[PDB]
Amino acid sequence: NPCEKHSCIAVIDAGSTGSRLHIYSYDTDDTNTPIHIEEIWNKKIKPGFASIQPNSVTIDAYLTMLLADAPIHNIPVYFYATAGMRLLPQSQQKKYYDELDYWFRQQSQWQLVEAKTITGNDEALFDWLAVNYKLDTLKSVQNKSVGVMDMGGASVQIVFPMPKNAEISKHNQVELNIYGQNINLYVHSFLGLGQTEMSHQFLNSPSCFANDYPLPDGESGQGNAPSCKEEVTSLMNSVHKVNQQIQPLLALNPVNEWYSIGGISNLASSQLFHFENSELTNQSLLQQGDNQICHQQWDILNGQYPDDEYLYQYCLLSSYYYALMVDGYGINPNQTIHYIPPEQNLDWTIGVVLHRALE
């Protein structure tokens, strides 16, 4: 048990599509800031906590499945829900947390410390800390700007360095003090623009599915990624005004290295897409979705790749990633976007280890 020799906490990412339990061990430096953070246990379950019926039977079963086979107990737990919970009013969220609090009070293996919904701005701060902790860019002053994107199921986050600015909402700026260095970040989360929520606006768009895919309305797919991308861009920009919010800020505060986490790592690592060095460009992502999925015959393609439950969505998702990054954020189609390998189980929860405060 590493936790007899190191500090350990458990942090649960209660995401829109599923929850991920992590147990982390760590030591601390002379200011009591964590270092040597190691994941010693992981467990993921589906579906999203905020999608299940909020009654005792259902919540008991879900929590029991998530937690019950961990090799290490008697450790503090931080349960933090994200955009799936944010879709619900406080009073519905309350049903979940009252039931959760009760389940923890009824047992003795886990010590619940916090269980609450964090804002997309909190989540975006944690997204940047987690990635930059793994890149070891936190201990010393960097001479390059690292931006992070988290491609979630219900919201997407963007976060990048930006000097403190009297003209931008205080909620979209964070002054972070860590390892003796002062870091100022712009943060934004776009609720409804995560892959599940976005997709619900395009399921009858023939351009967004392979040829002959059966759309729910009875029409047929007729895929064309640039056309699908244009439809998604309408939601990005005509509805959410992503471009007007984010592009002027990126123009003034350029990002040298972009890192992405969330669903895009899984798409880019699938059998259908081909990228080297765990990185992509939006130009290649759109090309590959267009020709590998959109313009293919659905039943033939589905028969060739039977084991991928996301296959039917790849025309829409490649198009959507491009719409978000290129037409929303203004990122050049030729710019490299690194993505963290899925095997790494990297989500924003490392950020909670390093930084316990919330908005």
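In case it trips you up, residue 1 is the first one in the sequence shown, and so on. Only the largest set of C-alpha atoms that superpose within 1.5 Å between the two forms is called the rigid core.
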| note | Between 73-81 and 195-203, the one drifting more in C-alpha RMS in 8 other deposited structures of this protein once the core is aligned is 73-81
| query | Taking RMS over all structures and residues, which stretch has CA atoms farther from the shown form in 8 other deposited structures of this protein, 15-23 or 335-343, after a rigid core fit? | reply | 15-23
| Where do the C-alpha atoms have the higher mean temperature factor in this entry, in 139-147 or in 156-164? | 139-147
| query | Higher mean Cα B-factor in the deposited model: 53-61 or 317-325? | reply | 53-61
| message | Per the entry's Cα B factor values, which of 282, 205, 119, 90 stands out as the maximum? | response | 90
| query | Looking at 182, 243, 211, 196, which has the highest Cα B-factor in the entry? | reply | 182
| note | Among the modelled residues of its chain, the C-alpha B-factor of residue 358 falls in the third labelled highest
| Among the modelled residues of its chain, does the C-alpha B-factor of residue 234 lie in the lowest, middle or highest third? | lowest
| field | Record-listed C-alpha B factor of residue 41: chain third | value | highest
| Once the chain's modelled residues are ordered by C-alpha B factor and cut into thirds, is residue 270 in the lowest, middle or highest one? | middle
| task | Within this chain's modelled residues, let me know which third the CA B factor of residue 73 belongs to: lowest, middle or highest. | result | highest
